[PDB]
Amino acid sequence: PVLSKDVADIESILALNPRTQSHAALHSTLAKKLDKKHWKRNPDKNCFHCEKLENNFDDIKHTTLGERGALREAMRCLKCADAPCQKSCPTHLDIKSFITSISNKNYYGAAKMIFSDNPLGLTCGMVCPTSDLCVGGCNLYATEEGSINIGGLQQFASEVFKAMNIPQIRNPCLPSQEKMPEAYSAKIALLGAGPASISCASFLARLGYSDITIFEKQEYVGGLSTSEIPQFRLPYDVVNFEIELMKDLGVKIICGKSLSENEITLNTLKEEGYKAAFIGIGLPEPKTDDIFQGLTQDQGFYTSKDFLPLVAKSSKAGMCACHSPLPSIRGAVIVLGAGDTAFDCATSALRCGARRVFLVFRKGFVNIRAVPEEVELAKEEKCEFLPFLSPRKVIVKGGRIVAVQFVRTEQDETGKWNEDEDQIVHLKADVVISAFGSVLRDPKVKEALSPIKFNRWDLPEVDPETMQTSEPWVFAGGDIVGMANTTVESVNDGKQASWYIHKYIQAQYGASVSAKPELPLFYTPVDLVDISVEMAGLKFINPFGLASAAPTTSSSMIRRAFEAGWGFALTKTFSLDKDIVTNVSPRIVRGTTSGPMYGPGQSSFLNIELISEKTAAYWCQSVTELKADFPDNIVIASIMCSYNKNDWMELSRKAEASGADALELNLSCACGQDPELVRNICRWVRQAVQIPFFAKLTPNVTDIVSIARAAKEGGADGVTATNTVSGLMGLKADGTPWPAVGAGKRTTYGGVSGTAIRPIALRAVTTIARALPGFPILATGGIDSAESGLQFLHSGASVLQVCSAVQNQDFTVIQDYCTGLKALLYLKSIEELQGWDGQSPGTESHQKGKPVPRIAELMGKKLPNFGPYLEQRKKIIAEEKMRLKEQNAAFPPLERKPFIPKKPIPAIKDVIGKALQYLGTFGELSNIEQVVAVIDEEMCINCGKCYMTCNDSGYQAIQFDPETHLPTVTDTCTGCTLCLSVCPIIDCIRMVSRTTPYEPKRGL
Amino acid sequence: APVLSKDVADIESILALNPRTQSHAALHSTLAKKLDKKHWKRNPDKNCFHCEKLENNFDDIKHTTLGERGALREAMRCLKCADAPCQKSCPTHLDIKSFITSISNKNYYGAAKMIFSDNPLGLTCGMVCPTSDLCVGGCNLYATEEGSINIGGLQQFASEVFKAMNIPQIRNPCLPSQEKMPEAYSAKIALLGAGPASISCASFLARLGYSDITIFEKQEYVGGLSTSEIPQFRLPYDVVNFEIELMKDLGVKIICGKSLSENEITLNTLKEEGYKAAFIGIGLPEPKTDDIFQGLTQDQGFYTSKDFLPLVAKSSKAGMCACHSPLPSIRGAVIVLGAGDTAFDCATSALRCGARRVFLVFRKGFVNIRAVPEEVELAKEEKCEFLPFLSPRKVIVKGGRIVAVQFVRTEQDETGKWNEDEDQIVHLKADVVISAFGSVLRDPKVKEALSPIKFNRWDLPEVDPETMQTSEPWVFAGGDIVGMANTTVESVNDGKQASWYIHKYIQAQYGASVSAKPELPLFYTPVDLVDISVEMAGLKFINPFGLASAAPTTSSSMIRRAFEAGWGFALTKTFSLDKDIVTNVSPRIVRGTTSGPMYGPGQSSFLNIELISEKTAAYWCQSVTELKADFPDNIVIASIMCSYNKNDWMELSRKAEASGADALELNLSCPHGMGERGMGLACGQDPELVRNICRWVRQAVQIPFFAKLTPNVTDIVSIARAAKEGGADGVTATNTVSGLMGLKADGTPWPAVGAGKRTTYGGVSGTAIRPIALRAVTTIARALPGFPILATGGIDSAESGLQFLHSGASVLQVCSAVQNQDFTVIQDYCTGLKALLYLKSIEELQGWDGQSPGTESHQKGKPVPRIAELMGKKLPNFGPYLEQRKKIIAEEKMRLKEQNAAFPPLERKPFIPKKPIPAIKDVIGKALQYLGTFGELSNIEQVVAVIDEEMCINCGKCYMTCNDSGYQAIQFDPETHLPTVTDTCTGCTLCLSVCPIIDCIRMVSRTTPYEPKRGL
Ligand SMILES: *C(#[C])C1=[C][N]C(=O)[N]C1=O
Ligand SMILES: C#Cc1c[nH]c(=O)[nH]c1=O
Ligand code: SF4
């Protein structure tokens, strides 16, 4: 046979494989019009009817992210200085920091940052109108690809933390309870269990107050988050999770208790011994209109305060223990108003079975004040919009609404709004829902607030800085004060008030508080995890340190690094006076190792920098200063001399005398290629000083073990592995290099740093640790996260040096690294999370980060998410929602119980070197335990990359269906694993144990 | 000495905005936050009812426009899908996967060539295609949160770069010379109307070789609706001219002033004058009217879209007319009737004419608007009002002017019938009324001129939808006139479809057949004639790109298909004698972690623990004979490995030579000895062993052979020199870098083999090792000049290939870039290399970096207005500063109005090479002169960073990098977030390296005195 030619059935498998084209393609316009429908992904501009949504409370948010999408979007964020997104967030979330933690896979640290400034952090990620807040300030709006999805990233990190099932703990900076001053036992009352009071009580509990009670009128908690925000935007379980975190702090909630003249009043609270009160009851009554007087729900009329709680009680399991039906809303529905409630009524009316929904408002389109993302949900669900119409009468016949009568409105040219009585509309309708807003009108509630002053708008007046009412022991915030338009602002109101309630209460007990407000952060048991490590007789408070490099150019820089939390730092390499150098410029350039991607996350740098231009005298005096001020932070002096015994002894003694904890010998800036020279330099230093010292090894050697062993034989206490890899980062198209120095545009070979060299450094660390067991290793080379640091610890290193990740960012990454490592170690003790990979939950089947419904009629039926297959999927899902309208839904636990460690939290010493047991020769690998690839069709996005890679880099083993674009791995798979390695969807392809007989393909 | 390790007051102040770790939650009142939010605002303000001023502002408003930075990022995001659904969804069937692959590889010429091969109006279509209803509507990435690819903006970008290159289209180089074309190709061909349909039809007919093609156009201008109605702020007129001039390069003639009409041109007159075929592409030339508008005039304020949009076009498109046309004075309230796509262009154009308010009023609902959402969004963001369910009944005229329109309300039934409620009326005040009810063909003289073709019930010419032939076999039609096409691209496609069957018909009239498979030619320029062959070690390569010995050459059948795709050469997978048979483990090839958790296209590395080929020496040797018999001009190199044994190397190398291999490659990865006498375990790490192996092979065979070096050596030059001393004809530099790609959080490796989850060190490949391979190639090339080098290591484009050629390599092996994609990248590499060599001869493009134009000051890839009162005024693009920028721009648009001069759109003349096009051999090693020792670098000629404030996006990354990795030399303003480099800059270049905007920071020669910081 012709061995170099595909047989017919392989040619058939390859039918859809890309080929070079020699001619232009003929396809008629008519044929193209038909074929278009088969592949269609997005909405069809010619489809005019709603997709059937009855009883469908699936998540419809466009911002929801799965892990794959969250990691991509978090790496895209520029992580800006003085970031304007944060300036535009009402609770001042450090967005730069929490997104940095997501990009480093440290979802705990991200969640901790979010909840530190916003105790309703998951609710807000889900519901914030970010285009009018943080996202509206995002610098990336000035790029074509646009602003960052801050809300979805916040939601993703908080959802992971929620799944971790870790409790909030008492502020660990507080004295123990029995030693708290008496003032912290003051009785505190909050009225209403909505976002404002939940925030306020949370922050007061952080400060140490131990007798905090929220009094809630209803039998459910959460306020509007629970009673009106739809389940398909905010799942009820999110609310319960945030309330559970608050109860972890000891806040008490009593339901069925109202602020009202005949129940709880300011006077009764005072007479019962309460020292302070926060009013957070919101706006409990609908704004009503005379033209709807006397109309009942049976006739077809609702206010939004009637309608949305009925829908929420029916669709939110565990909200109201009873199980309620969805309101029967069939026919034509008119929603009146154009605020944000109106759009929730319209989308909710479709879930109750409406046939058609009209939003009717009395001004124009340009005057809609709902945020665009709110408007777009109603738009994409085919709601009709009628502007410039003011309601006049509701027509009732046979006891039911049949029509609403409107008059036309218009702006004259003083901007006044007029009604035109001769211009009427008779609009047919079966249901009418007014969404005119909300008010506080109940006289008995307002009287219970005597004697605080009310303003023009019938609302309690507060000082906007302190949230204090006219009575100094009473504070208010949230919707009842009338400034907040959002959950996040109501949260911020309670946060703001908590500091000044604290101030007031302390003063009442004769105590002062700081002139600078200081609210505590959010804490969990993770934060108590010990990440110290001992190596070479030195105690490191944490294992992260600054490498000898550009971030240690000056000792003032090291000072700020220690103030930020870094466990240790190297000096830039310095030398004796006679070895003074002068750097050239340019000398540090970005890596080309991952394509033309600019900004954050450069995968490498190249430098042609020399030793420090600052003198030994500068560096020795600086080390003395640093060790005087930061005795617990390890300072290592990096030094270099030429091959000369007297010089190495002189310089090492000078650095030792300054107080350096240890020295690092730069042999890798060559002496460091030759084991005999390395051994001799180490011997000279070992005879000169008594402090530990480490030889910094170059990776540019045939066998790095031979030079590590030489350093050890010379008396080094350990080795730093490794310095930069020698390289050339490339050329312009005209041939000139970058960096190009001087008029001659000259360069020399440079050192490559960053994540591109991590595989080389990991190899070096493991091979040294296997050759020299127990010999201290300081790792450097691409460490940019707690998880990558843990890879080096697992590989045998004891501490972790960082350069490029700081060049890509700033010193504050240390806080991400420390919280992330604490979380990785903590999670190893949780038996329930043992199937996670570090902080990543096991991937579930998802499309666009939303779980695929587990419906029998959808599985295995080869229905991809496009064209007529998508139409079939939507019909199947809709029928299953109707089927579910007849059945019980369980309750969640009245409230979940946290996971508890079932074994000790590992210390760093317990994880060092644990990867080495899996490392060996090729002959120690099984060739009989073979694997094959298997594709989860429900996660596939139909790109064919697995197919293209098996075709042109593999075994032609994948069928790619010409109609569904679904791949199937066949039995000729060899398990090479290339398809998994190119698939864009994390864990869509998995390698599984081969079950059928295996025969290597010998071609012969 | 003071405290050296503390910042002085001046530096503490510079560091004021530097990020710091917080120990406490931050207190900020809700009221203060409300008052601060406005300062930073970037996007539209939902509370703003107030459309900013747009009079005489014809600047690009498209959301899809891309600059180079944005285009590269978006092209790398594309999955480059097999059997791609976006292409299925494009009416001209563009190979979107290929052209976007080219853009990601910086080959903008190859992208534009692929675009224009299937669409001669590719730049126009990139700008105006309603992609959400076409290609983008099918994009697989719609199934991700980040969403579908901006295909149109990518197409627009590549085409814009190609337009800037100023390269002409050439006659199809596959044709015989003109004088030996058959007589049939001189048949006289007429096209009626110079719109997209005819321009496309004439282009493809000219590609086929027809030499007498004339388009007869009614008007004095050309381009059809693209010229006369699509607004300048969506489609610049110079785009239309550029595409017209490309077609004219093929010899097509256009005659303006001559109409298809009774008493002018008719099908009868064309026939009598000896035309053999005619294409009707006159569109729909007349407005759809409404009785209620009878007798109303422009002076009263009434326009159809066919009156209004050409008036705006004539005034705003320089080079449309000779008349400097005044913009229509459209002051007051404008009512635009209808809600198709024309109505929205009327609305936005009315604002450019000075309208105070625009109402878009339509007789159905919102759900019934047919316009694409892209088009609707532009009218909404410009604050047009939308009034649904209104049907016009009366235009009110007082004092010679429209003052109002009265409407009736509309309504749907049970039956879905639309009704009008006479008792429900709207009286809407207005100064101008523009009807956008569509277009028609209704002129009796024009239809008469088409006698006797058959017309359908819609008074349009009938065609066969597959052939575009009318009922008269010599007459074809397409575009708007046929009534199927709703877009420029479908009209282009109608002319494309018609050209093949016009060709078929004409050829048959002259007694000739055509192929049963339609074969329209591709698009060509002089770039495609560029020679990219190279000679090396006596071997002739037809291009310098070849498949490395790796997974893409697992089987000889794959090499066969790679040769069919265009690869110049290929290596076999390394093979060995029978006694050295191996068994691979699985898993064994994994993605790199070298650029973080980015999945899918463009993996920056792979790691593999793969062995030699599992297939026999007999398989490989027979395969090499077959491949060399079928592809004599494609070079096949047999890769072989033996243990350190003279008889084995001689036996295997002779076997491979006898099979007809052009050359051998010695894989020096076999272990020998123990392996750390300083020279490690593999034979390729010890110079003595390499020299001996090479001696053995040199004795055994007479064909050239090359030693494949490992980068895992202290001194690779010593191995290369040993191979040369042993008699090798060159070296392959380099194999993979030894590494461990990473560990799971539980400590297990990946790849993990077996239930034990074991691994061993693997080889790292891909762009992550390119700096290592480039250094290895360069050092060998400088130490052993003229010794042939085959480069390997992260080559994934023509641009990166040329870097290796400049560094001393002669040919270019590829593995990982094919693993990331498929064999067809070779097409991108070949056109890309042709284009790079072509451009070196073009003096006018010296300022470009390869195919990249010099970066102009931009925001979102749109150029910033060069306005004095706008430059250096510390006005970033947010908050109150943006609103001052908008005021300054609007005032300057007005000053450009009240003086209505300047109509000089340059006449387009292509650049000519001023020197010979370099061959491959002319560029090899030309970068090596810039290399040297560190002491050869000037420390006297220092640089500093300088920032272009107009390009900055205010992120402060330069500031943060200088603060915590540099010299604290940048001031970052607390209110504008604008950075300024101060005189303490050392030129280290880290800020430039982290800035997200290409060329926002530049390094310039230092002019002030320089002193190194010594700290003392
Ligand atoms: C010296 C000093 C060095 C310069 N650049 C590096 O990457 N490493 C060094 O050791
Ligand atoms: C045999 C063999 C090889 C396998 N993998 C590599 O990366 N390089 C080789 O040489
Ligand atoms: S890094 Fe670039 S874009 Fe960001 S502030 Fe600096 S100059 Fe501007």
# chains A, B, ... in the order shown; residues from 1 in each chain; ligands from 1
>>> residues_around(residues="residue 546 in chain B", least_positions_apart="3", cutoff="8 Å", atoms="only C-alpha atoms", output="MDAnalysis selection string")
chainID B and resid 567:571 811:814
>>> residues_around(residues="residue 473 in chain A", least_positions_apart="6", cutoff="12 Å", atoms="only C-alpha atoms", output="PyMOL selection string")
chain A and resi 186-190+266-267+269-270+273-279+451-452+462+466-467+497+500-508
>>> closest_residue(among="B:87, B:29, B:576, B:198", to="chain A", atoms="only C-alpha atoms")
B:29
>>> residues_near_ligand(ligand="ligand 1", cutoff="9 Å", atoms="only C-alpha atoms and all ligand atoms", output="PDB file with N, CA, C and O atoms, in the first residue's frame")
ATOM      1  N   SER A 548      16.720  39.967  44.422  1.00  0.00           N
ATOM      2  CA  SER A 548      17.713  40.996  44.129  1.00  0.00           C
ATOM      3  C   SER A 548      17.480  41.447  42.696  1.00  0.00           C
ATOM      4  O   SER A 548      17.811  40.726  41.750  1.00  0.00           O
ATOM      5  N   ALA A 549      16.870  42.621  42.515  1.00  0.00           N
ATOM      6  CA  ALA A 549      16.423  43.031  41.181  1.00  0.00           C
ATOM      7  C   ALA A 549      15.903  44.473  41.220  1.00  0.00           C
ATOM      8  O   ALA A 549      16.067  45.199  42.211  1.00  0.00           O
ATOM      9  N   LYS A 572      19.592  44.804  45.954  1.00  0.00           N
ATOM     10  CA  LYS A 572      20.256  44.703  44.662  1.00  0.00           C
ATOM     11  C   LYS A 572      21.699  44.289  44.903  1.00  0.00           C
ATOM     12  O   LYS A 572      22.295  44.626  45.931  1.00  0.00           O
ATOM     13  N   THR A 573      22.269  43.557  43.948  1.00  0.00           N
ATOM     14  CA  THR A 573      23.645  43.092  44.102  1.00  0.00           C
ATOM     15  C   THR A 573      24.591  44.278  44.135  1.00  0.00           C
ATOM     16  O   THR A 573      24.564  45.121  43.238  1.00  0.00           O
ATOM     17  N   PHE A 574      25.439  44.346  45.157  1.00  0.00           N
ATOM     18  CA  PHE A 574      26.382  45.446  45.229  1.00  0.00           C
ATOM     19  C   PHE A 574      27.806  44.914  45.323  1.00  0.00           C
ATOM     20  O   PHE A 574      28.039  43.740  45.622  1.00  0.00           O
ATOM     21  N   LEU A 606      13.023  40.984  29.699  1.00  0.00           N
ATOM     22  CA  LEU A 606      14.446  40.782  29.463  1.00  0.00           C
ATOM     23  C   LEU A 606      15.184  42.018  29.949  1.00  0.00           C
ATOM     24  O   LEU A 606      14.715  43.149  29.749  1.00  0.00           O
ATOM     25  N   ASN A 607      16.315  41.810  30.618  1.00  0.00           N
ATOM     26  CA  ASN A 607      17.097  42.939  31.096  1.00  0.00           C
ATOM     27  C   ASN A 607      18.567  42.777  30.732  1.00  0.00           C
ATOM     28  O   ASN A 607      19.091  41.659  30.630  1.00  0.00           O
ATOM     29  N   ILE A 608      19.223  43.917  30.519  1.00  0.00           N
ATOM     30  CA  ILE A 608      20.678  43.948  30.409  1.00  0.00           C
ATOM     31  C   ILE A 608      21.220  44.878  31.496  1.00  0.00           C
ATOM     32  O   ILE A 608      22.117  45.689  31.252  1.00  0.00           O
ATOM     33  N   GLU A 609      20.682  44.751  32.706  1.00  0.00           N
ATOM     34  CA  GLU A 609      21.117  45.548  33.844  1.00  0.00           C
ATOM     35  C   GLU A 609      22.315  44.886  34.521  1.00  0.00           C
ATOM     36  O   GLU A 609      22.464  43.663  34.499  1.00  0.00           O
ATOM     37  N   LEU A 610      23.189  45.721  35.097  1.00  0.00           N
ATOM     38  CA  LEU A 610      24.373  45.330  35.844  1.00  0.00           C
ATOM     39  C   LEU A 610      24.067  45.264  37.349  1.00  0.00           C
ATOM     40  O   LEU A 610      22.909  45.257  37.777  1.00  0.00           O
ATOM     41  N   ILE A 611      25.120  45.210  38.165  1.00  0.00           N
ATOM     42  CA  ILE A 611      24.984  45.351  39.615  1.00  0.00           C
ATOM     43  C   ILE A 611      24.425  46.726  39.976  1.00  0.00           C
ATOM     44  O   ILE A 611      24.297  47.611  39.119  1.00  0.00           O
ATOM     45  N   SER A 612      24.105  46.904  41.258  1.00  0.00           N
ATOM     46  CA  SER A 612      23.661  48.194  41.763  1.00  0.00           C
ATOM     47  C   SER A 612      24.670  49.282  41.441  1.00  0.00           C
ATOM     48  O   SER A 612      25.874  49.106  41.611  1.00  0.00           O
ATOM     49  N   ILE A 639      25.823  40.203  46.982  1.00  0.00           N
ATOM     50  CA  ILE A 639      27.142  40.787  46.771  1.00  0.00           C
ATOM     51  C   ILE A 639      27.826  40.095  45.602  1.00  0.00           C
ATOM     52  O   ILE A 639      27.552  38.929  45.294  1.00  0.00           O
ATOM     53  N   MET A 640      28.744  40.810  44.960  1.00  0.00           N
ATOM     54  CA  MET A 640      29.505  40.176  43.894  1.00  0.00           C
ATOM     55  C   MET A 640      30.911  40.764  43.879  1.00  0.00           C
ATOM     56  O   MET A 640      31.087  41.964  44.118  1.00  0.00           O
ATOM     57  N   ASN A 666      26.133  36.422  44.235  1.00  0.00           N
ATOM     58  CA  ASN A 666      25.721  36.494  42.837  1.00  0.00           C
ATOM     59  C   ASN A 666      26.819  35.871  41.983  1.00  0.00           C
ATOM     60  O   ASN A 666      27.817  36.519  41.667  1.00  0.00           O
ATOM     61  N   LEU A 667      26.633  34.609  41.613  1.00  0.00           N
ATOM     62  CA  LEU A 667      27.539  33.883  40.733  1.00  0.00           C
ATOM     63  C   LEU A 667      26.963  33.741  39.343  1.00  0.00           C
ATOM     64  O   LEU A 667      27.492  32.980  38.528  1.00  0.00           O
ATOM     65  N   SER A 668      25.891  34.462  39.057  1.00  0.00           N
ATOM     66  CA  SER A 668      25.032  34.162  37.926  1.00  0.00           C
ATOM     67  C   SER A 668      24.711  35.436  37.154  1.00  0.00           C
ATOM     68  O   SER A 668      23.683  35.532  36.471  1.00  0.00           O
ATOM     69  N   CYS A 669      25.622  36.405  37.274  1.00  0.00           N
ATOM     70  CA  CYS A 669      25.574  37.648  36.522  1.00  0.00           C
ATOM     71  C   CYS A 669      26.787  37.680  35.576  1.00  0.00           C
ATOM     72  O   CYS A 669      27.871  38.229  35.921  1.00  0.00           O
ATOM     73  N   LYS A 696      23.691  32.041  44.532  1.00  0.00           N
ATOM     74  CA  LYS A 696      22.648  32.168  43.523  1.00  0.00           C
ATOM     75  C   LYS A 696      23.119  31.524  42.217  1.00  0.00           C
ATOM     76  O   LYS A 696      24.091  31.983  41.602  1.00  0.00           O
ATOM     77  N   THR A 698      23.051  30.056  38.273  1.00  0.00           N
ATOM     78  CA  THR A 698      22.510  30.355  36.954  1.00  0.00           C
ATOM     79  C   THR A 698      21.814  29.121  36.383  1.00  0.00           C
ATOM     80  O   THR A 698      22.276  27.993  36.601  1.00  0.00           O
ATOM     81  N   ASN A 723      18.689  32.270  38.778  1.00  0.00           N
ATOM     82  CA  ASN A 723      18.796  33.571  38.125  1.00  0.00           C
ATOM     83  C   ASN A 723      18.097  33.491  36.768  1.00  0.00           C
ATOM     84  O   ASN A 723      17.423  32.507  36.442  1.00  0.00           O
ATOM     85  N   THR A 724      18.282  34.520  35.943  1.00  0.00           N
ATOM     86  CA  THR A 724      17.581  34.615  34.672  1.00  0.00           C
ATOM     87  C   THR A 724      18.209  33.705  33.614  1.00  0.00           C
ATOM     88  O   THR A 724      19.384  33.338  33.689  1.00  0.00           O
ATOM     89  N   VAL A 725      17.406  33.375  32.598  1.00  0.00           N
ATOM     90  CA  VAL A 725      17.833  32.544  31.462  1.00  0.00           C
ATOM     91  C   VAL A 725      18.368  33.459  30.368  1.00  0.00           C
ATOM     92  O   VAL A 725      17.724  34.449  29.999  1.00  0.00           O
ATOM     93  N   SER A 726      19.530  33.122  29.828  1.00  0.00           N
ATOM     94  CA  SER A 726      20.123  33.965  28.804  1.00  0.00           C
ATOM     95  C   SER A 726      19.286  33.906  27.530  1.00  0.00           C
ATOM     96  O   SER A 726      18.853  32.834  27.098  1.00  0.00           O
ATOM     97  N   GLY A 750      20.675  39.141  27.059  1.00  0.00           N
ATOM     98  CA  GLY A 750      20.073  39.575  28.298  1.00  0.00           C
ATOM     99  C   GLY A 750      19.556  38.398  29.110  1.00  0.00           C
ATOM    100  O   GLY A 750      19.641  37.237  28.697  1.00  0.00           O
ATOM    101  N   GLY A 751      19.039  38.726  30.292  1.00  0.00           N
ATOM    102  CA  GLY A 751      18.403  37.748  31.160  1.00  0.00           C
ATOM    103  C   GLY A 751      16.890  37.791  31.022  1.00  0.00           C
ATOM    104  O   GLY A 751      16.269  38.842  31.200  1.00  0.00           O
ATOM    105  N   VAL A 752      16.304  36.626  30.732  1.00  0.00           N
ATOM    106  CA  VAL A 752      14.855  36.465  30.655  1.00  0.00           C
ATOM    107  C   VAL A 752      14.328  36.083  32.037  1.00  0.00           C
ATOM    108  O   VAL A 752      14.840  35.144  32.669  1.00  0.00           O
ATOM    109  N   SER A 753      13.316  36.820  32.506  1.00  0.00           N
ATOM    110  CA  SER A 753      12.669  36.604  33.802  1.00  0.00           C
ATOM    111  C   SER A 753      11.177  36.385  33.596  1.00  0.00           C
ATOM    112  O   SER A 753      10.650  36.621  32.513  1.00  0.00           O
TER     113      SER A 753
END
>>> residues_around(residues="range 926-942 of chain B", least_positions_apart="4", cutoff="8 Å", atoms="only C-alpha atoms", output="compact mmCIF listing (two decimals) with C-alpha atoms, in the first residue's frame")
# COMPACT_ATOMS: atom_id res chain seq x y z
CA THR A 582 27.36 52.49 34.88
CA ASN A 583 24.10 51.06 33.53
CA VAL A 584 23.06 51.70 29.95
CA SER A 585 19.58 52.63 28.78
CA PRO A 586 17.20 51.22 27.54
CA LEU A 731 14.16 42.11 16.61
CA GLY A 735 16.67 43.86 12.04
CA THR A 736 17.41 46.22 14.94
CA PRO A 737 17.19 44.75 18.45
CA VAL A 741 21.38 51.17 22.97
CA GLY A 742 23.03 54.30 21.59
CA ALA A 743 23.12 55.63 18.05
CA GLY A 744 24.43 52.27 16.85
CA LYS A 745 21.24 50.54 18.06
CA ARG A 746 23.34 47.88 19.76
CA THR A 747 22.41 45.16 22.23
CA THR A 748 23.87 42.16 24.04
CA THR B 778 22.55 34.22 17.02
CA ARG B 782 28.37 34.82 15.10
CA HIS B 806 17.97 38.08 10.39
CA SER B 807 19.74 36.20 13.19
CA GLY B 808 21.59 33.82 10.84
CA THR B 986 17.13 56.83 34.22
CA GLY B 987 15.79 55.41 30.95
CA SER B 1005 17.62 60.80 23.71
CA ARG B 1006 18.36 62.43 27.04
CA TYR B 1010 23.03 62.69 33.53
>>> closest_atom_pairs(of="chain B", to="ligand 2", cutoff="8 Å", atoms="only C-alpha atoms and all ligand atoms", output="JSON lines")
{"residue": "B:549", "atom": "CA", "partner": "ligand 2", "partner_atom_place_in_ligand_line": "10 (O)", "distance": 7.9}
{"residue": "B:550", "atom": "CA", "partner": "ligand 2", "partner_atom_place_in_ligand_line": "5 (N)", "distance": 7.1}
{"residue": "B:574", "atom": "CA", "partner": "ligand 2", "partner_atom_place_in_ligand_line": "1 (C)", "distance": 6.0}
{"residue": "B:607", "atom": "CA", "partner": "ligand 2", "partner_atom_place_in_ligand_line": "7 (O)", "distance": 7.7}
{"residue": "B:608", "atom": "CA", "partner": "ligand 2", "partner_atom_place_in_ligand_line": "7 (O)", "distance": 6.0}
{"residue": "B:609", "atom": "CA", "partner": "ligand 2", "partner_atom_place_in_ligand_line": "5 (N)", "distance": 6.1}
{"residue": "B:610", "atom": "CA", "partner": "ligand 2", "partner_atom_place_in_ligand_line": "4 (C)", "distance": 4.8}
{"residue": "B:611", "atom": "CA", "partner": "ligand 2", "partner_atom_place_in_ligand_line": "1 (C)", "distance": 4.3}
{"residue": "B:612", "atom": "CA", "partner": "ligand 2", "partner_atom_place_in_ligand_line": "1 (C)", "distance": 3.8}
{"residue": "B:613", "atom": "CA", "partner": "ligand 2", "partner_atom_place_in_ligand_line": "1 (C)", "distance": 7.3}
{"residue": "B:641", "atom": "CA", "partner": "ligand 2", "partner_atom_place_in_ligand_line": "1 (C)", "distance": 7.7}
{"residue": "B:667", "atom": "CA", "partner": "ligand 2", "partner_atom_place_in_ligand_line": "10 (O)", "distance": 6.1}
{"residue": "B:668", "atom": "CA", "partner": "ligand 2", "partner_atom_place_in_ligand_line": "10 (O)", "distance": 7.6}
{"residue": "B:669", "atom": "CA", "partner": "ligand 2", "partner_atom_place_in_ligand_line": "10 (O)", "distance": 5.7}
{"residue": "B:670", "atom": "CA", "partner": "ligand 2", "partner_atom_place_in_ligand_line": "1 (C)", "distance": 7.8}
{"residue": "B:735", "atom": "CA", "partner": "ligand 2", "partner_atom_place_in_ligand_line": "8 (N)", "distance": 5.7}
{"residue": "B:736", "atom": "CA", "partner": "ligand 2", "partner_atom_place_in_ligand_line": "7 (O)", "distance": 4.8}
{"residue": "B:737", "atom": "CA", "partner": "ligand 2", "partner_atom_place_in_ligand_line": "7 (O)", "distance": 7.7}
{"residue": "B:762", "atom": "CA", "partner": "ligand 2", "partner_atom_place_in_ligand_line": "7 (O)", "distance": 7.1}
{"residue": "B:763", "atom": "CA", "partner": "ligand 2", "partner_atom_place_in_ligand_line": "7 (O)", "distance": 4.5}
{"residue": "B:764", "atom": "CA", "partner": "ligand 2", "partner_atom_place_in_ligand_line": "7 (O)", "distance": 6.9}
{"residue": "B:765", "atom": "CA", "partner": "ligand 2", "partner_atom_place_in_ligand_line": "7 (O)", "distance": 7.1}
